[PDB]
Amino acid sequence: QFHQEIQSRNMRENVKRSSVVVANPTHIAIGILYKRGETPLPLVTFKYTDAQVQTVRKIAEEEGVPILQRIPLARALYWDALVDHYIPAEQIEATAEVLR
């Protein structure tokens, strides 16, 4: 229960610190932060899969963080990006589109 609350918690903080979430593992949700002038490139804020994605979606809806179905991008960030790192160069244009 203690661990459940911290996980919750952590998930909401992660969602709220994001500019957008891209979604589709079977299911994927990845958070992206881009704040022009602060972040030179977008950064990955979180990565959730499978059962956790439904809760991410609910939290994003509550918080007004947009969540976009972008299946190739979600897959590429899942395999090729890392949380708390800037996005890979190969995904800059795809990511720019979800930030427009």
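All residue numbers are counted from 1 along the displayed sequence.
Higher average CA B factor: 56-64, of the stretches 56-64 and 28-36. Mean C-alpha B-factor is higher over 46-54 than over the other stretch, the pair under comparison being 67-75 and 46-54. Looking at the C-alpha B-factors along this chain, the one for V21 belongs to the lowest third.
Looking at the C-alpha B-factors along this chain, the one for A96 belongs to the middle third. When the modelled residues of the chain are ordered by their C-alpha B factor, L82 lands in the middle third.
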